[PDB]
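The block underneath contains the structure these notes are about, expressed in structure tokens.
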Amino acid sequence: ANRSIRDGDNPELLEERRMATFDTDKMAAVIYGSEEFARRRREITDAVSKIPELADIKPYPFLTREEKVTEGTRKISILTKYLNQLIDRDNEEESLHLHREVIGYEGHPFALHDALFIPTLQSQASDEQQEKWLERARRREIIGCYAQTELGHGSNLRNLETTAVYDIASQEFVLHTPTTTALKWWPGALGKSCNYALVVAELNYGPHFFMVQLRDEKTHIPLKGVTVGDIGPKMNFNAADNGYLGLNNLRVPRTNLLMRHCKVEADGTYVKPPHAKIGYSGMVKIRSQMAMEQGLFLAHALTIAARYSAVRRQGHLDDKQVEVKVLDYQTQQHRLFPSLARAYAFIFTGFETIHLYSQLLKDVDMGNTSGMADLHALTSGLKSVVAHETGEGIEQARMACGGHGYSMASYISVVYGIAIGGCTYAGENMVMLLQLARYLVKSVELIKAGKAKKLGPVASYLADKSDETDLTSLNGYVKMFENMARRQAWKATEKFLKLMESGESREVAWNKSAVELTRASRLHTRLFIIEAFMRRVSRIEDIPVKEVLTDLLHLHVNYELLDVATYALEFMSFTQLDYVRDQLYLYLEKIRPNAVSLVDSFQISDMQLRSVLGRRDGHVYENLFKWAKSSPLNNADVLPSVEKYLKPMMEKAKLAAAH
Amino acid sequence: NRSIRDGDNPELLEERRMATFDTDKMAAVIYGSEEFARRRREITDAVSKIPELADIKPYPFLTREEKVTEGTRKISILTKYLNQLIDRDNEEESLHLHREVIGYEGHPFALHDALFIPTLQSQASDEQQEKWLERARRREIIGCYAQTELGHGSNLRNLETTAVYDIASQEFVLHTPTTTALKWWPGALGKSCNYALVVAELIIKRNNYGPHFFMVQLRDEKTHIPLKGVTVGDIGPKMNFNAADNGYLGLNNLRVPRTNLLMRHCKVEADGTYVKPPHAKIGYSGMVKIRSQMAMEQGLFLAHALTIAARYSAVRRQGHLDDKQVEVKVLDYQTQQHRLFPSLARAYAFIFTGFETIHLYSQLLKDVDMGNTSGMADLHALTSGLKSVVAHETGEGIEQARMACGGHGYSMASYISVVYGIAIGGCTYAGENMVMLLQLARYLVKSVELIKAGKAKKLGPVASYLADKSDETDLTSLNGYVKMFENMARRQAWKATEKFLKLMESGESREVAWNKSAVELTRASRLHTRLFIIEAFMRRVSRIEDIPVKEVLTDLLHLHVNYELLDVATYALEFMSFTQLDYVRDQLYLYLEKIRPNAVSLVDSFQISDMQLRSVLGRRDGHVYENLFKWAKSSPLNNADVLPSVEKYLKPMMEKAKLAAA
Ligand SMILES: C[C@@H]1O[C@@H](OCCCCC(=O)SCCNC(=O)CCNC(=O)[C@H](O)C(C)(C)COP(=O)(O)OP(=O)(O)OC[C@H]2O[C@@H](n3cnc4c(N)ncnc43)[C@H](O)[C@@H]2OP(=O)(O)O)[C@H](O)C[C@H]1O
Ligand SMILES: C[C@@H]1O[C@@H](OCCCCC(=O)SCCNC(=O)CCNC(=O)[C@H](O)C(C)(C)COP(=O)(O)OP(=O)(O)OC[C@H]2O[C@@H](n3cnc4c(N)ncnc43)[C@H](O)[C@@H]2OP(=O)(O)O)[C@H](O)C[C@H]1O
Ligand SMILES: Cc1cc2nc3c(=O)[nH]c(=O)nc-3n(C[C@H](O)[C@H](O)[C@H](O)COP(=O)(O)OP(=O)(O)OC[C@H]3O[C@@H](n4cnc5c(N)ncnc54)[C@H](O)[C@@H]3O)c2cc1C
Ligand SMILES: Cc1cc2nc3c(=O)[nH]c(=O)nc-3n(C[C@H](O)[C@H](O)[C@H](O)COP(=O)(O)OP(=O)(O)OC[C@H]3O[C@@H](n4cnc5c(N)ncnc54)[C@H](O)[C@@H]3O)c2cc1C
Ligand SMILES: Nc1ncnc2c1ncn2[C@@H]1O[C@H](COP(=O)(O)OP(=O)(O)OP(=O)(O)O)[C@@H](O)[C@H]1O
Ligand SMILES: Nc1ncnc2c1ncn2[C@@H]1O[C@H](COP(=O)(O)OP(=O)(O)OP(=O)(O)O)[C@@H](O)[C@H]1O
Ligand SMILES: [Mg+2]
Ligand SMILES: [Mg+2]
């Protein structure tokens, strides 16, 4: 029962939707975590579709950079008016659906306000201070931003140049931007949108958070001591204004310092915040979240690609009278379905880490940590592998559309440009793979120390070493996938040890083995991704849904295993390698008739998809032409530039001498 | 290090003082000759004296229409200065001049030079060359290669644009019957060209002869208004290449003379007599020129990206090593050397691989001028996989180059995103990568399918290694690596062929048998071309005098063959131990550390001017932070302190929210 079937649909897609071996309302429920929310997405989408001003002013690719900032600002101010009609404002699941559909991904004045400004106020500012700002934030009375990275520093928060000196005479922090590289650089909404910022600065006590008003609340003119502006065009996310901040001995009250965990008293005593580095909690929320987000990004690209694949006919197989849908080719299925399997896998992996963090957030209001450290390390590699493999799959989804995928009419290049930033923001991907490697070394540096009973369930499989082998029913793959991770974990570990056993200093001994350590993190991460996927599948009550999700899961483990055979061949035969190589191509064929249904299940409205190639109704060619015909260069037959330059250049070129 | 200047950032100055070779010598190698390498600097110098040839403003700041305008502004000016600055019919020099002055984002004459002119050269009669080819070269007229339709790009056997000969008036009637039949994607088709080489199915009193080339005038040479029967426009914004106008073409029973059919190789006489061309597929010659060429070109884009990454990696200090005062240069980190230098090894490897296929194309272009065209099929298949693997790996490389700059890499001030957007199209144009990998796979089957027969002596030198057997395998000295790459390849080649064969002994039809083995066959193709890239590299370094250059290129080459071998270890473990895998793994890291001090020198050698580089992070002088600020401050969004859209939307929104109920 494909629920994305409508009248007037392209038969090419219709005949693909009648092939649905499951209910897509059922699958949406699984995808978005509950039957109730999956419904609410459709209700909201329907509620929005009946509000004309919430439509894109024109096709978003047709807009200039400034026209993009305007429209995102236009759309965010209108959305905010209707917001409390359409959703439960404090329901993040709904608010994300509403904004991802209505605003889009390219940015808006409130992006980082909701992404990091509010979540940090929730996890770092005293109940006193939350009363002063947190609801003013949620009421969008003010626009905030998370202002941490500097022009010279982003990855090493131990050497930020921005200063926060306390002057006990007047009980104020003087916040300064000493050097040019000390300038805040990259915070969303810092340059033009926000009038408040959470500025990270050196207190020497390390980096802390300071609420700083940047612009006057009524006039939006910057306050004395404030230099602010945009940082120019970017790879993408250009509807958002990422900016810089210059602070010239800026004075803020002592109580503009966030103090949930730490304290500075009026006389200047500093109460060290419980322990750990609790202030990095905001980053951890994002990192735990983007396994879900980059999962949905990927789903978006595949939704376009899969649908278009089922429409585009090119080349013949058998039957030399009608060309075949390109989705019938093995390479096509190969370059799409594993990534489709990944989309589901990353999202299920996302639900576990999302709940893990919102649970290990309450653990931090009790004096509990170290579930903190165990979560950080996991999401460290998780955001890295996921964003990297997502980016790979999106381009594959783009290129899979042939020539037209390169057109903005596909919109896959936008989804890539947005998503791929996840390989940089919220921690540089290499660095974050290394952070996880520090949790892996520790988990191994324990062999002669015993302490195997201290390991968490995530690291448990390390203090084992019970290889074996086999792969006749799923869990053997998982077993193989621990065996791979384990080996590389020890091997890379013992190599960093050996270079200390021969006396190269720790940090240099750490550097010489940096690549193997990252190789470990990825193997460990992809092991977890599989397990979470498995855990979600075996819970499903509806049998046809469990069935097709099993097909996806079989496809995952074999494509994944073969991508990492270089590590899997300590434990495998070469004949078994051709099994999983044959198994891969079996479930490609198995998935095929469900392909369109599997992406229809995500129930991404056309308003959110923003894709001509990926239109739900499948009327691609007719509307691709309309899209092109209405594009801005087609405003004039003979271009003003041609008349001015090319016409003279040609007249002149006819008269020139033959040398 | 010839890229050292006064006023340079000491960060980069101390990196260039570490040069263990001459960069004027390396440049000569990269560009194929000392004479040309010298010309590049000579042209760049002469260009730098002409103010009108500078970018009107930082290209990222430009709207899509302003980009078309600027490509048109700069190409009309450049055309005037063309005879001063270079030898017009020297393609090496013209490419340097345009890649630097114009750039990669497109101009009215891109495909005019890329395919329009090369197709006239290879497919038009001496008569027809007299009528147009010199007109094209003097840029009297603007042309294009109009092949791909809205519904057909890969499969040329079923294009819907017809070419019907009417013997009565001796004309071809050219028709676009359906909306999908519309030409779609030719550069300059929509707005710039007034002439187009239109590919259409040839019809002679219902006889179907396949796709052919027809010269079509589209716009009046005087008014640039389209002619009767012509529909033409732009196909909208794109992932990149947006200073160019890629267009669509609609033809309504457009009549052109019989002699607007490109003849040479083939003929249509006034009575309708069709004369078959010698080798059926002589017409795709324009495509093969591109494919042969982009190993070179997708070698240079990548170098361009690395020129920015490496330089910036030697400025950007972040994190601490041993000395816990003063942060370390990020280029010192292993992951950074690992995510950068192998691509640097590929950039060199691709370019040298490019020199070989460029030269034998333009010589197996003379083989097509009277006689044997056996090295036509052998070249097509080589360049089929070569463009696919190269463009794909150049893609991964260039993204790695961007992310290497961290946060700032995402900014347009790095320009690596542009370079990525431009080159990655190479995975699509000039043949869809999967389709092209499958094309070489057919040449691999047929090459294998010649050895259970006894025609191994029909094999070319490229395919030769397939009839052999290496069995015994080691390294210790390079040639053993090539021997290892001869395996895997040969291994998979047979392994994939016999699977496709078995499916036919299963009685599954060829097309379906081919389809079910399609992935294995592409694995075979990739392995084959990676072997070639390595050999090509080898043949270039073991040939040149100047030992410092031959030694740094040997360092690169060692890094290549070790990094590549590990990337394909899964195939290399039919022939290797495991302990040797740790050697090649150890060997990889040794040459990362060995290359490191030459890093800035190896890229400075490409002698890409700032004018061409168009990157703030990649500035030659190395003044990044100072100029990154200046750049941002000048960016268009900062024209006002309070945005018009903030005053109009955000201010009233905020007022309302404060007053609104709880
Ligand atoms: C529009 C929107 O767009 C998008 O929005 C998202 C945009 C996100 C906005 C941003 O980009 S802002 C921030 C992102 N930037 C970063 O992340 C880089 C920060 N990275 C670092 O700072 C370092 O790498 C660390 C992680 C090493 C932190 O360490 P240090 O401070 O520099 O110094 P040290 O004192 O040396 O720390 C190392 C030891 O401390 C332990 N440790 C570290 N972190 C934690 C932690 N979190 N919890 C517990 N323990 C920890 C650790 O054990 C280390 O010791 P041991 O490893 O030797 O054993 C979304 O799509 C969403 C969408 O809505
Ligand atoms: C700005 C600028 O940007 C950039 O500019 C570049 C832009 C480039 C402009 C374009 O994108 S336009 C054209 C690009 N499009 C393509 O390429 C797709 C064409 N692909 C095809 O058409 C098919 O895939 C082929 C290759 C299979 C051709 O075959 P069919 O016609 O469709 O039908 P059949 O009759 O079935 O052919 C198969 C049998 O024929 C044999 N054969 C095929 N090709 C050749 C050949 N070339 N030579 C010799 N033999 C050949 C072959 O043996 C087959 O038989 P066996 O395999 O079974 O044994 C640069 O950066 C440069 C920069 O300057
Ligand atoms: C779209 C986008 C949006 C952003 N939004 C915000 C925002 O709203 N608020 C905010 O505060 N910031 C924001 N940022 C900044 C971002 O958080 C930081 O840039 C990122 O966390 C780290 O980038 P970096 O400049 O520090 O890279 P770098 O730390 O300089 O690293 C660059 C290179 O050096 C390597 N490297 C650096 N250190 C090490 C090390 N110890 N070990 C091994 N390798 C190392 C890295 O692997 C990498 O290859 C944004 C960035 C982007 C791209
Ligand atoms: C920047 C750019 C510039 C261009 N410039 C020009 C120009 O100047 N002149 C011109 O004529 N054209 C031009 N083109 C068009 C280009 O030549 C075609 O887009 C390209 O050849 C790919 O063809 P396609 O669009 O039909 O891909 P498709 O065939 O539609 O690809 C769709 C999917 O199906 C797969 N597929 C298709 N056939 C098979 C098969 N037999 N077996 C297995 N898989 C298959 C493909 O691999 C792909 O994954 C340009 C394109 C781009 C992106
Ligand atoms: N030349 C290429 N151009 C574009 N995409 C490619 C290319 N080669 C591989 N891919 C893509 O990479 C993904 C991985 O597929 P595959 O494993 O066959 O390639 P690979 O891993 O690079 O090859 P191998 O596994 O033999 O090393 C596929 O989705 C495929 O579409
Ligand atoms: N999560 C990631 N984010 C960014 N880049 C990555 C990531 N994982 C791998 N890479 C890049 O891939 C390239 C080579 O991959 P790697 O060093 O892992 O070797 P590999 O053996 O081919 O991969 P694997 O270790 O997964 O088998 C490097 O340039 C590295 O930067
Ligand atoms: Mg890797
Ligand atoms: Mg693979």
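Residue numbers start at 1 in each chain; chains themselves are named A, B, ... in the order of the structure tokens; ligands are numbered from 1 in the order shown.
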Could you give me the residues within range 313-550 of chain A that DSSP places in alpha helix (DSSP H), as a PyMOL selection string? chain A and resi 330-334+337-359+371-399+412-419+429-444+475-501+506-512+514-537+543-550
Selection within 9 Å of ligand 5 by only C-alpha atoms and all ligand atoms, output as JSON, numbers by chain: {"A": [331, 332, 333, 334, 335, 336, 337, 338, 339, 392, 393, 395, 396, 397, 399, 400, 559, 562, 563], "B": [385, 386, 387, 388, 389, 390, 391, 392, 393, 427, 428, 432, 433, 434, 436, 437, 519, 520, 522, 523, 524, 526, 527, 567, 568, 569, 570, 571]}
Selection as an MDAnalysis selection string: residues within 8 Å of ligand 6 by only C-alpha atoms and all ligand atoms: (chainID A and resid 381 384:389 423 429:430 433 515:516 518:520 522:523 563:564 566:567) or (chainID B and resid 335:336 338:340 342 396:397 400 403 566:568)
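Shortest atom-to-atom contact with chain A among B:242, B:298, B:487, B:363: B:242, counting only C-alpha atoms.
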Contacts with ligand 4 at most 7 Å, only C-alpha atoms and all ligand atoms counted, listed as a PyMOL selection string: (chain A and resi 309+312+314-316+326+329-332+399-404+406) or (chain B and resi 111+144-148+151-155+184-187+241+246+425+428-435)
From a backbone DSSP assignment, name each residue in range 190-368 of chain A labelled strand (DSSP E or B), as a PDB file with C-alpha atoms, in the first residue's frame.
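Below is the file that was written, out-v3.pdb:
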```pdb
ATOM      1  CA  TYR A 196      22.977  38.557  21.198  1.00  0.00           C
ATOM      2  CA  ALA A 197      25.871  36.103  21.194  1.00  0.00           C
ATOM      3  CA  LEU A 198      27.305  33.427  23.434  1.00  0.00           C
ATOM      4  CA  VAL A 199      30.988  34.312  23.221  1.00  0.00           C
ATOM      5  CA  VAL A 200      33.590  31.728  24.207  1.00  0.00           C
ATOM      6  CA  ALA A 201      36.688  33.178  25.849  1.00  0.00           C
ATOM      7  CA  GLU A 202      39.681  32.497  28.055  1.00  0.00           C
ATOM      8  CA  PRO A 207      37.374  28.655  27.880  1.00  0.00           C
ATOM      9  CA  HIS A 208      34.013  29.811  29.292  1.00  0.00           C
ATOM     10  CA  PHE A 209      30.679  31.177  28.019  1.00  0.00           C
ATOM     11  CA  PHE A 210      29.710  34.850  28.147  1.00  0.00           C
ATOM     12  CA  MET A 211      26.332  36.245  27.133  1.00  0.00           C
ATOM     13  CA  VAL A 212      27.060  39.344  25.079  1.00  0.00           C
ATOM     14  CA  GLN A 213      24.552  41.763  23.637  1.00  0.00           C
ATOM     15  CA  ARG A 215      23.310  45.075  18.793  1.00  0.00           C
ATOM     16  CA  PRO A 222      25.965  47.461  17.094  1.00  0.00           C
ATOM     17  CA  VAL A 226      31.612  45.735  18.806  1.00  0.00           C
ATOM     18  CA  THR A 227      32.896  45.051  15.309  1.00  0.00           C
ATOM     19  CA  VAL A 228      30.637  42.741  13.298  1.00  0.00           C
ATOM     20  CA  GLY A 229      30.033  41.625   9.700  1.00  0.00           C
ATOM     21  CA  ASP A 230      29.589  38.727   7.257  1.00  0.00           C
ATOM     22  CA  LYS A 234      30.603  30.014   1.118  1.00  0.00           C
ATOM     23  CA  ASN A 242      28.132  33.564   9.045  1.00  0.00           C
ATOM     24  CA  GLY A 243      30.127  36.364  10.597  1.00  0.00           C
ATOM     25  CA  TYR A 244      33.019  37.825  12.515  1.00  0.00           C
ATOM     26  CA  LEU A 245      33.157  39.638  15.850  1.00  0.00           C
ATOM     27  CA  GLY A 246      35.578  42.306  17.041  1.00  0.00           C
ATOM     28  CA  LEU A 247      35.455  43.121  20.738  1.00  0.00           C
ATOM     29  CA  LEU A 250      33.774  45.123  26.007  1.00  0.00           C
ATOM     30  CA  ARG A 251      32.320  45.196  29.522  1.00  0.00           C
ATOM     31  CA  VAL A 252      29.598  42.786  30.606  1.00  0.00           C
ATOM     32  CA  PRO A 253      28.215  42.030  34.106  1.00  0.00           C
ATOM     33  CA  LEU A 257      28.959  34.537  32.610  1.00  0.00           C
ATOM     34  CA  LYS A 263      31.089  30.000  39.537  1.00  0.00           C
ATOM     35  CA  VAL A 264      32.870  33.316  39.767  1.00  0.00           C
ATOM     36  CA  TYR A 270      36.376  30.681  41.176  1.00  0.00           C
ATOM     37  CA  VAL A 271      34.496  27.490  41.959  1.00  0.00           C
ATOM     38  CA  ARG A 313      15.098   5.420 -19.824  1.00  0.00           C
ATOM     39  CA  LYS A 325      14.634   2.430 -16.963  1.00  0.00           C
TER      40      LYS A 325
END
```
Please identify all polymer residues within 10 Å of residue 291 in chain A, counting only C-alpha atoms, omitting same-chain residues fewer than 2 positions from it, and present them as a VMD selection string. chain A and resid 286 to 289 293 to 297 343 345 to 354 379 382 to 387 390 529
Compile the contact shell of residue 644 in chain B as a ChimeraX atom specification: residues with an atom at most 12 Å away, counting only C-alpha atoms, same-chain residues fewer than 2 positions apart removed. /A:66-67,69-71,73-74,192-193,220 /B:637-642,646-651
Would you pick out the contacts of residue 291 in chain B at 7 Å or less, using only C-alpha atoms, so that residues sharing its chain but fewer than 2 positions from it are not included, and give the list as a list in words?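 The residues that qualify are residues 287, 288, 289, 293, 294, 383, 384, 387 and 430 of chain B.
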Please extract the residues at most 7 Å from ligand 3, counting only C-alpha atoms and all ligand atoms, and provide them as a tab-separated table (two decimals) with N, CA and C atoms, in the first residue's frame, using the chain letters and residue numbers of this document.
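Wrote selection_21.tsv, looks like this:
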```
chain	number	residue	atom	x	y	z
A	112	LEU	N	21.24	28.81	14.03
A	112	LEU	CA	22.15	28.53	15.13
A	112	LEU	C	21.53	28.97	16.46
A	145	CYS	N	23.51	33.39	18.97
A	145	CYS	CA	24.42	32.54	18.22
A	145	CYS	C	25.55	31.99	19.10
A	146	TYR	N	26.10	30.86	18.67
A	146	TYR	CA	27.19	30.20	19.38
A	146	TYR	C	28.53	30.65	18.79
A	147	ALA	N	29.16	31.62	19.44
A	147	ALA	CA	30.35	32.27	18.90
A	147	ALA	C	31.65	31.79	19.54
A	148	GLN	N	32.21	30.72	18.98
A	148	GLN	CA	33.35	30.03	19.59
A	148	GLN	C	34.61	30.10	18.73
A	149	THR	N	34.51	29.62	17.50
A	149	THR	CA	35.65	29.57	16.58
A	149	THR	C	36.22	30.96	16.29
A	153	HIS	N	41.74	30.09	15.27
A	153	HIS	CA	41.50	28.89	16.07
A	153	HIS	C	40.07	28.36	16.00
A	154	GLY	N	39.97	27.05	15.82
A	154	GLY	CA	38.70	26.36	15.85
A	154	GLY	C	38.80	25.00	16.51
A	155	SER	N	39.84	24.24	16.17
A	155	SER	CA	39.99	22.88	16.66
A	155	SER	C	40.66	22.82	18.03
A	156	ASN	N	41.49	23.81	18.35
A	156	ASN	CA	42.17	23.85	19.64
A	156	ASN	C	41.64	24.96	20.53
A	185	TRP	N	35.05	33.90	14.13
A	185	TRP	CA	34.93	33.69	12.70
A	185	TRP	C	34.21	32.37	12.45
A	186	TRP	N	33.13	32.47	11.67
A	186	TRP	CA	32.21	31.38	11.27
A	186	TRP	C	30.89	31.20	12.05
A	187	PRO	N	30.70	31.85	13.22
A	187	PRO	CA	29.38	31.60	13.82
A	187	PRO	C	28.20	32.04	12.96
A	188	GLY	N	27.22	31.15	12.82
A	188	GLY	CA	26.00	31.45	12.10
A	188	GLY	C	25.28	32.61	12.75
A	237	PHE	N	25.21	27.04	2.15
A	237	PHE	CA	24.63	27.64	3.35
A	237	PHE	C	24.65	29.17	3.23
A	242	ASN	N	27.08	33.91	8.10
A	242	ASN	CA	28.13	33.56	9.04
A	242	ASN	C	29.09	34.74	9.16
A	421	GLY	N	29.45	19.94	4.83
A	421	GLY	CA	30.01	20.81	5.84
A	421	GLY	C	30.12	20.08	7.17
A	424	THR	N	33.30	19.17	8.58
A	424	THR	CA	34.13	20.22	9.16
A	424	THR	C	33.56	20.78	10.46
A	425	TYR	N	32.33	21.29	10.44
A	425	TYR	CA	31.76	21.89	11.64
A	425	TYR	C	31.49	20.79	12.66
A	426	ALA	N	31.31	21.20	13.91
A	426	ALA	CA	31.18	20.28	15.04
A	426	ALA	C	32.39	19.37	15.17
A	427	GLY	N	33.57	19.92	14.87
A	427	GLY	CA	34.81	19.18	14.97
A	427	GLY	C	35.31	18.65	13.64
A	428	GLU	N	36.57	18.96	13.32
A	428	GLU	CA	37.20	18.47	12.10
A	428	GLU	C	37.21	16.95	12.09
A	429	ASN	N	36.80	16.36	10.97
A	429	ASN	CA	36.58	14.92	10.87
A	429	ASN	C	37.78	14.05	11.25
A	430	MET	N	38.98	14.44	10.83
A	430	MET	CA	40.20	13.72	11.22
A	430	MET	C	40.39	13.78	12.73
A	431	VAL	N	40.39	15.00	13.26
A	431	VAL	CA	40.55	15.25	14.69
A	431	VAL	C	39.56	14.43	15.51
B	316	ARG	N	48.60	27.79	8.50
B	316	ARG	CA	47.67	27.44	9.57
B	316	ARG	C	48.36	26.65	10.68
B	318	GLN	N	47.84	24.99	14.31
B	318	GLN	CA	46.75	24.53	15.16
B	318	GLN	C	47.14	23.26	15.92
B	319	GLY	N	46.94	23.28	17.23
B	319	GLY	CA	47.29	22.16	18.08
B	319	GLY	C	48.74	22.25	18.50
B	320	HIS	N	49.15	21.36	19.41
B	320	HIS	CA	50.52	21.33	19.89
B	320	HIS	C	51.18	19.97	19.65
B	330	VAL	N	49.89	22.73	10.67
B	330	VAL	CA	49.02	21.56	10.52
B	330	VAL	C	49.54	20.60	9.46
B	333	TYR	N	51.24	17.36	10.84
B	333	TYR	CA	50.43	16.21	11.25
B	333	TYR	C	50.42	15.13	10.18
B	335	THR	N	47.99	12.75	9.44
B	335	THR	CA	46.71	12.71	8.74
B	335	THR	C	46.65	13.76	7.63
B	336	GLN	N	47.22	14.93	7.90
B	336	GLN	CA	47.23	16.03	6.94
B	336	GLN	C	48.16	15.75	5.77
B	403	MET	N	38.74	20.37	2.74
B	403	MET	CA	38.56	20.09	4.16
B	403	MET	C	39.87	20.20	4.94
B	404	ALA	N	40.98	20.08	4.23
B	404	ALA	CA	42.31	20.22	4.84
B	404	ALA	C	42.53	21.63	5.37
B	405	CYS	N	41.84	22.60	4.77
B	405	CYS	CA	41.89	23.99	5.22
B	405	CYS	C	40.96	24.20	6.40
B	406	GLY	N	40.25	23.14	6.78
B	406	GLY	CA	39.28	23.19	7.86
B	406	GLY	C	38.14	24.13	7.52
B	407	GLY	N	37.61	24.80	8.54
B	407	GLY	CA	36.52	25.74	8.38
B	407	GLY	C	36.66	26.67	7.20
B	408	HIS	N	37.83	27.30	7.07
B	408	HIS	CA	38.04	28.28	6.01
B	408	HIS	C	38.01	27.68	4.60
B	410	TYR	N	35.68	25.89	3.51
B	410	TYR	CA	34.28	25.96	3.11
B	410	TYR	C	33.94	27.33	2.53
```
Do a neighbour search on residue 48 in chain A at 12 Å with only C-alpha atoms, toss out local chain neighbours closer than 6 positions, and write the hits as a ChimeraX atom specification. /A:40-42,54-56,78-79,82-83,85-87,97-99,101-103,605-608
